[PDB]
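Student:
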Amino acid sequence: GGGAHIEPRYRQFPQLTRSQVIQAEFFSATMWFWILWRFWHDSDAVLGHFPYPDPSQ
Amino acid sequence: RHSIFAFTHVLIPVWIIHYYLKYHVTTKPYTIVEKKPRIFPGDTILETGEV
Amino acid sequence: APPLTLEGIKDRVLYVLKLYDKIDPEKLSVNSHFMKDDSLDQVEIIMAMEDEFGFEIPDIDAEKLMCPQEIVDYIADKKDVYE
Amino acid sequence: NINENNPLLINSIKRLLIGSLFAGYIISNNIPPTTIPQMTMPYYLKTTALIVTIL
Amino acid sequence: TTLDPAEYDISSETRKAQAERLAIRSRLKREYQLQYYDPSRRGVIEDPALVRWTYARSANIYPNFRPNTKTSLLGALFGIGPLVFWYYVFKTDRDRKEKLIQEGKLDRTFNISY
Amino acid sequence: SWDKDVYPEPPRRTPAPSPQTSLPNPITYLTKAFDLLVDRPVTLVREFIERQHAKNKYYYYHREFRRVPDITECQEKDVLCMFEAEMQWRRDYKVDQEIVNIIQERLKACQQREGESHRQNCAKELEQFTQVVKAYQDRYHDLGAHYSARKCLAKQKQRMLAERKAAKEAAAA
Amino acid sequence: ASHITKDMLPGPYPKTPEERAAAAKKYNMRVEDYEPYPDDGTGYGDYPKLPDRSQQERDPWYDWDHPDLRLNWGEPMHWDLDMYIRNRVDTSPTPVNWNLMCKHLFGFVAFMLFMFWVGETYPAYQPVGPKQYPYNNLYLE
Amino acid sequence: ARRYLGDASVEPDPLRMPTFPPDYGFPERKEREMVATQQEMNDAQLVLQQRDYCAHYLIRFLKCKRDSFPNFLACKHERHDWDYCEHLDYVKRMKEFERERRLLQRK
Amino acid sequence: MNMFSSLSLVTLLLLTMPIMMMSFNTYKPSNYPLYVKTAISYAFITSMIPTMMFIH
Amino acid sequence: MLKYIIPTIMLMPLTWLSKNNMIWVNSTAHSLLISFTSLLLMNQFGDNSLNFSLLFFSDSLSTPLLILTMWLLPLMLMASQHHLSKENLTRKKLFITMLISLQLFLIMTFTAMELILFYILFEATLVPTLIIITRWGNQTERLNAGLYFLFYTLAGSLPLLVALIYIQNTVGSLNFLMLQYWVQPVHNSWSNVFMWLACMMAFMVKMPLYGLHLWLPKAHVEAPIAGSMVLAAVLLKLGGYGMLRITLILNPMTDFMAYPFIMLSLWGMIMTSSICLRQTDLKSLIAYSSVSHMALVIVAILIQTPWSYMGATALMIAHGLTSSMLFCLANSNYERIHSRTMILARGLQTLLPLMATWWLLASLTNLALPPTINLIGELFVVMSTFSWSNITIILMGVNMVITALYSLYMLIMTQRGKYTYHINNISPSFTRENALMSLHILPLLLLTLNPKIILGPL
């Protein structure tokens with residue numbers, strides 16, 4: 038009607054604007070920068086445990 | 066500007082409602098009913114200390 | 071937001087003549103009348122537009138669809154085509 | 442007729458995911474405590490619900 | 016549940032002359048559209064199917080009615096039935112509460128409201 | 004304003020913030036700027052009315068009533084003496100309503116003050132408030148004669164049951 | 029001002045063929061499975077000749093229904109059978125009557141007996157006898 | 006440990022306590038481990054289900070949270086030490102069922 | 001301390017201002033989805049302030 | 001009323017005395033000037049009581065109730081001009097005078113100072129309302145409904161003269177409600193049961209019950225021109241307040257037989273709400289709604305002990321504005337579609353978008369949006385009868401649930417498509433259609449600002 042910014046297609050894989058893919062790429066990394074604090078430094082159970090608490094004598 | 070579009074929006078009703086609270090505590094016998102201190106040592110606001 | 075005109079359907083009705091491998095691309099373009107080319114030649118000829126267009130193809134759409142341009146005629150009445 | 446280029450939508454998605462990932466990690470990072478934690482999660486009883494998600 | 020609803024049956028060639036029951040309604044439909052299409056109507060259609068609907072439903076049921084059957088006297092099991100039963104609930108109520116209010120006490124002492 | 008014995012509370016006792024760290028905190032930037040943007044449009048205009056409201060004074064006076072009869076006057080079928088006794092008794096009841104509202108928020112003074120303990124302290128308001136409302140519905144609440152307002156003809160006669168059946172028919176108190 | 033057969037009358041056997049359709053065309057020529065015989069059972073305050081009930085029913089359901097508007101929205105002329113229960117009601121789906129939901133709600137009816145049991149975490153079951161020993165028996169020393 | 010006799014005051018919400026409420030307590034080792042303070046247990050706003058053991062270390066662990074205001078962690082070793090006070094207390098209480106399978110059966 | 005909850009009442013007041021400007025009383029050249037978005041935009045930092053005083 | 005009946009009787013030699021079509025603009029103009037005089041001398045204080053002047057007025061001290069009585073006459077003249085203008089001028093002016101005469105007896109009523117002046121004023125109505133049903137109504141079966149409009153209210157009210165004069169010759173004189181200080185008690189007998197029976201049963205004729213209420217969907221169904229006296233018939237039904245005057249005293253202690261009036265008005269309450277979800281008439285649709293939550297107030301009175309007089313004071317005016325406003329909605333959409341049957345109104349909400357807001361807020365007063373004047377009193381009916389027993393919340397709560405459907409059952413009927421018809425019904429809601437549709441919620445939510453005046457003694 039007014040604008041032709043993105044073309045119509047007939048299944049020919051119309052291409053992207055090649056600027057959204059930069060911001061798409063950036064936030065796929067800072068989410069896996071957050072794999073740092075998953076283990077480093079964080080463990081599954083920072084508690085200590087019980088030796089099957091038997092020795093009542 | 067960002068000179069009066071927000072100044073008419075937010076900057077004007079600040080003074081009216083604060084006047085409605087300063088002229089409220091001296092009239093109503095229950096003003097703000099703020100809770101206790103929750104203090105573990107004893108400090109300079111008091112005279113004694115705690116271990 | 072994208073509009074549509076008369077020229078899009080004049081491509082597709084002529085294209086599926088050649089897409090169906092039983093019908094060669096040597097027939098008439100818009101009026102072949104389909105008898106020179111009972112079931113699966115009044116339903117299968119529009120079972121491809123069941124895949125592409127697919128607005129459920131009502132019961133009266135069978136007996137009109139002999140004239141292949143009379144197929145194209147009422148779609149502009151349904152799809153509200155330009156002017 | 443796909444289209445993904447509108448910075449009005451780009452402003453919304455970028456504002457959420459910055460706050461979304463740091464949701465449970467800033468609020469709970471600074472909170473006055475209220476109750477006592479578990480602090481005991483034994484053998485064969487501790488994190489196998491994560492393994493339930495794996496299968 | 017409600018229903019099967021028996022959307023398929025047999026034909027070929029049961030009741031060959033039964034067709035053109037649409038000829039009853041298409042004559043009315045021709046009488047409909049000829050009434051519908053006119054250069055100046057400015058008003059609703061009379062539509063006597065709704066005229067014969069409400070007036071033979073809201074009225075003309077009591078002239079139809081007679082108490083010649085007990086399934087017309089069957090409304091005694093629905094109107095006055097539970098109406099005794101709520102009082103049969105409530106007469107057992109309010110007095111057992113009163114005896115515990117008269118003899119002995121159970122209430123809190125700060126029951127000003129009420 | 005009011006009188007502080009009517010609404011007592013313990014003193015405020017607000018401690019020190021104790022920063023102890025050389026890290027920059029935002030509380031030293033908020034109270035040092037926002038106080039003057041409120042005091043200028045409010046307090047000076049509050050002062051500008053303060054000289055203007057003191058231009059003239061207007062008086063409104065207390066209303067104290069006159070209570071010559073109390074209860075037992077007069078004879079049964081009368082009208083005159085049994086009308087002032089209604090003005091006695093009924094205005095002796097709307098006073099007794101809002102007296103309870105003082106004691107009700109007196110409980111509310113304790114509860115939003117401590118909060119944490121809030122039950123094992125304050126030593127009065129679980130007792131004294133229940134030494135009022137318990138001594139309220141007896142003989143001052145016409146249960147359930149409050150519909151016709153029980154005006155001097157049932158509020159005394161609950162108290163007839165509070166003296167005839169009560170305290171003598173205990174067999175033998 | 030329509031007086032001729034303005035409503036139903038004391039039917040249903042006052043020459044019922046002359047009912048439909050001298051007026052109130054619920055049947056074409058009194059053999060259409062909608063002749064005014066269907067006075068349910070009368071004697072009550074039901075419908076008389078009543079261009080009304082047990083005609084084919086259970087849904088006007090807003091179908092495809094193109095030969096007129098004719099389904100529920102757009103006024104077919106005279107086909108009234110029953111109304112005021114159908115603007116919100118439908119026809120039959122693919123499954124059938126089977127009340128499996130009470131059997132589906134019976135899944136906790138087995139575990140309703142499990143609501144009587146207890147839920148202590150440690151130790152394990154060992155359900156053979158009183159060797160589990162739940163509460164306090166002896167003193168300190 | 007606690008619960009000798011005679012709660013004199015009429016204070017409900019049992020904060021008027023004998024010494025301090027344990028989880029169950031004691032039972033064996035130690036049979037009396039006392040607790041902490043009670044004049045500051047009610048003075049400092051400390052809620053119920055917090056008058057158990059390892060309390061005075063927790064009253065100091067909660068000091069540096071306010072005493073370091075723009076901070077994300079006051080002392081991370083102290084949370085591992087209050088938990089070590091907590092977890093060693095709990096394993097001390099985990100010796101009940103090993104005693105209960107042992108001492109309650111016939112001998 | 002009075003401004004602990006006073007900023008909350010300001011937050012609980014400026015929502016009415018797009019409603020007060022619905023009465024066509026010298027209203028803005030319309031842009032109403034934009035004007036509402038601006039009206040929300042300044043309340044958030046106003047909402048952010050007393051959260052810091054509560055946690056102290 | 002020192003001079004309240006005095007200015008309004010002078011309005012009567014002004015209709016036929018006036019000119020031509022000026023008679024509408026003149027009659028509305030004078031009428032609103034009395035409304036300030038109503039507000040001014042009333043609403044005074046206030047502590048038991050304001051005996052007004054003399055033996056003709058007790059000033060409506062405990063319940064004001066009189067402001068609502070005076071809105072309607074400068075409110076229906078703008079409504080009745082929809083379909084009235086087809087007759088001679090002398091015949092149309094008579095139709096104006098009889099409605100004005102209806103107010104004058106009701107101006108002296110609701111205050112009335114007495115009981116022997118009450119009953120003659122309690123029966124001073126039903127003469128002008130009956131004539132409105134006879135001439136200039138709608139289509140036939142009027143005259144039997146005019147007879148059912150009689151022969152019930154007159155049938156039940158005649159033992160009041162058997163009751164009241166039996167009180168006047170026995171104990172003192174019933175001229176003064178305030179000389180009712182000495183009241184002997186009433187024990188259980190076989191004579192005193194009937195003494196309470198005739199004292200009460202006439203008041204059940206006007207505010208209805210599950211019995212004896214068949215006449216009520218006749219006057220509202222077969223009704224005058226476009227809801228003209230139907231709005232006055234709203235105040236005619238709620239104006240049976242006099243049980244508050246009488247049974248507050250004068251055998252109060254007979255509650256042993258209160259139960260079949262508690263129960264019948266309770267299962268009949270939940271029933272008559274659902275007795276109209278399959279109704280096919282608009283003017284009957286609001287009529288059965290006007291039975292249900294008007295039958296709510298009766299168990300608030302026979303159950304004594306306030307926190308019940310509080311809400312029952314407000315629940316009289318609750319539908320009294322609301323059902324009057326719903327009839328204004330139903331008086332509209334009839335000059336454009338000349339049949340009142342609701343099913344023919346498919347395809348609305350698009351031709352009239354301006355009044356579509358007024359459908360929303362009106363039916364939002366039955367769900368009733370708890371900061372209003374409707375759910376502020378229904379919570380006190382909850383606050384009373386739950387102290388009676390724990391069962392009473394069940395049947396009374398479902399009444400709050402059935403009318404949730406029953407109100408939105410009407411709203412969704414406006415939203416349909418393509419409308420099939422209607423080369424008529426063009427008129428896009430002219431000035432008379434929407435200015436008269438106003439001034440109902442405009443005082444109603446206004447009274448919800450400080451609802452202090454809407455409170456009994458109590």
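Here the protein sequences come in this chain order: A, B, C, D, E, F, G, H, I and J.
So the first sequence is numbered by UniProt numbering: it starts at 38 and just counts up by one.
So the second sequence is numbered by UniProt numbering: it starts at 66 and just counts up by one.
So the third sequence is residues 71 to 107, 111 to 156, counted in UniProt numbering.
So the fourth sequence is numbered by UniProt numbering: it starts at 442 and just counts up by one.
So the fifth sequence is numbered by UniProt numbering: it starts at 16 and just counts up by one.
So the sixth sequence is numbered by UniProt numbering: it starts at 4 and just counts up by one.
So the seventh sequence is numbered by UniProt numbering: it starts at 29 and just counts up by one.
So the eighth sequence is numbered by UniProt numbering: it starts at 6 and just counts up by one.
So the ninth sequence is numbered by UniProt numbering: it starts at 1 and just counts up by one.
So the tenth sequence is numbered by UniProt numbering: it starts at 1 and just counts up by one.
Even for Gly, the Cβ is constructed at its ideal location relative to N, Cα and C.
So if I threshold CB-CB distances at 7 angstroms, which residues from the stretch 23-56 of chain H count as touching chain B?
Tutor: Those would be 45, 49 and 50, in chain order.
Student: Using the rule of at least 16 other Cβ atoms within 10 Å of the residue's Cβ for burial, across every protein chain shown, is residue 440/J buried or exposed?
Tutor: Burial call: buried.
Student: Give the residues of chain I in contact with residue 115/B, contact being defined as C-beta atoms less than 9 angstroms apart.
Tutor: Under the 9 angstroms cutoff, chain I gives no residues; its nearest Cβ is about 20 angstroms from residue 115/B.
Student: Can you list, in chain order, the residues of the stretch 49-75 of chain G whose Cβ is nearer than 7 angstroms to any Cβ on chain E?
Tutor: Of all residues in the stretch 49-75 of chain G, 52, 53, 56, 60, 71, 72 and 73 have a Cβ within less than 7 angstroms of some Cβ in chain E.
Student: Under 7 angstroms between beta-carbons, which chain J residues line up against residue 149/F? List them in chain order, please.
Tutor: 305 and 306, listed in chain order.
Student: Going by Cα to Cα distance, which pick from 55/J, 396/J, 444/J and 367/J is closest to residue 271/J?
Tutor: Closest by alpha carbon: 396/J.
Student: Does residue 151/G come within less than 7 angstroms of chain H when only Cβ atoms are used?
Tutor: Answer yes: the Cβ-Cβ gap between residue 151/G and chain H drops below 7 angstroms somewhere.
Student: Spatial neighbours of residue 311/J within its chain, please: C-beta separation below 6 angstroms, excluding the five flanking residues on both sides.
Tutor: Cβ within range, chain order: 377, 380 and 381.
Student: Would you mind sorting residue 95/E into buried or exposed? The rule is 16 or more other CB atoms within 10 Å of its CB.
Tutor: So residue 95/E ends up on the exposed side.
Student: Can you name the residues of chain H whose CB is closer than 9 angstroms to the CB of residue 481/D?
Tutor: What residue 481/D touches in chain H: 92, 95, 96 and 99.
Student: When Cβ atoms are compared, which residues of the stretch 90-103 of chain G fall closer than 9 angstroms to chain J?
Tutor: Within the stretch 90-103 of chain G, the qualifying residues are 97, 101, 102 and 103.
Student: Who are residue 348/J's beta bridge partners in DSSP?
Tutor: Answer by DSSP bridge pairing, in chain order: 415/J.
Student: From the beta carbon of residue 47/E, is the nearest beta carbon of chain G less than 7 angstroms away?
Tutor: So, interface residue.
Student: Taking residue 279/J as the reference, give the member of 171/J, 346/J, 406/J and 168/J with the closest Cα.
Tutor: Ranking 171/J, 346/J, 406/J and 168/J by Cα distance to residue 279/J puts 406/J first.
Student: Residues in the same chain with beta-carbon distance under 8 angstroms from residue 121/E, minus the five sequence neighbours each way, listed in chain order, please.
Tutor: So the qualifying residues of the chain are 115.
Student: Please state if the CB of residue 337/J and the CB of residue 434/J are separated by a distance shorter than 7 angstroms.
Tutor: Cβ distance not < 7 angstroms, so residue 434/J and residue 337/J don't count as in contact.
Student: Measuring only the C-alpha atoms, how far is residue 97/B from residue 116/F?
Tutor: So the alpha carbons of these two residues sit roughly 11 angstroms apart.
Student: Of the choices 356/J, 404/J, 284/J and 231/J, whose alpha-carbon is the least far from that of residue 321/J?
Tutor: Among 356/J, 404/J, 284/J and 231/J, the Cα nearest to that of residue 321/J belongs to 231/J.
Student: Would you say residue 103/H lies against chain A (beta-carbon separation less than 7 angstroms)?
Tutor: Chain A contact via Cβ: present.
Student: Start and end of the alpha helix (DSSP H) containing residue 25/J?
Tutor: Start and end: 22-31.
Student: What three-state label does DSSP hand residue 121/G in the structure shown?
Tutor: Here residue 121/G sits in coil by DSSP.
Student: Could you tell me which of 399/J, 168/J and 368/J sits nearest to residue 274/J, measuring between CA atoms?
Tutor: Closest by alpha carbon: 399/J.
Student: Which residues bound the alpha helix (DSSP H) around residue 269/J?
Tutor: That run of the alpha helix (DSSP H) goes 259-273.
Student: Using the beta-carbon count (16 or more within 10 Å), is residue 68/F buried or exposed?
Tutor: It counts as exposed.
Student: Since residue 20/F contacts residue 56/I with CB under 8 angstroms, what's their CB separation in whole angstroms?
Tutor: Confirmed, about 7 angstroms.
Student: Starting from residue 452/D, trace the alpha helix (DSSP H) both ways and give me its first and last residue.
Tutor: From DSSP, the alpha helix (DSSP H) with residue 452/D extends over 448-462.
Student: I need the DSSP call for residue 78/A, collapsed to helix, strand or coil.
Tutor: Of the three classes helix, strand and coil, the one that applies to residue 78/A here is coil, per DSSP.
Student: If residue 3/H sits next to residue 12/H, beta carbons under 8 angstroms apart, how far is it from one beta carbon to the other, in whole angstroms?
Tutor: This structure leaves residue 3/H out entirely; chain H is present only between 6 and 112.
Student: CA-CA distance, residue 124/F and residue 111/E?
Tutor: One C-alpha to the other measures close to 40 angstroms.
Student: Are the CB atoms of residue 38/A and residue 141/C within a distance shorter than 7 angstroms?
Tutor: The answer is no: Cβ separation not under 7 angstroms.
Student: Between which two residues does the alpha helix (DSSP H) holding residue 31/F run?
Tutor: Residues 30-33.
Student: What do you reckon, are the CB atoms on residue 56/J and residue 113/J nearer than 7 angstroms?
Tutor: The answer is yes: Cβ separation under 7 angstroms.
Student: To which residues of the same chain is residue 205/J closer than 6 angstroms at the C-beta, ignoring the five residues directly before and after it?
Tutor: Closer than 6 angstroms at the Cβ level, and outside the excluded window around residue 205/J, lie 152, 153 and 156.
Student: Roughly how many angstroms separate the alpha carbons of residue 75/E and residue 32/G, rounded to a whole number?
Tutor: Approximately 15 angstroms, taken between the alpha carbons.
Student: Which residues in the same chain have their Cβ closer than 8 angstroms to the Cβ of residue 103/C, if we skip the five residues on either side of it in sequence?
Tutor: Taken in chain order, the residues that qualify are 139, 140 and 141.
Student: Flag this pair as touching only if the stretch 86-95 of chain G and the stretch 450-467 of chain D have three or more C-beta atom pairs under 8 angstroms; answer yes or no.
Tutor: Flag = no, the stretch 86-95 of chain G and the stretch 450-467 of chain D do not touch.
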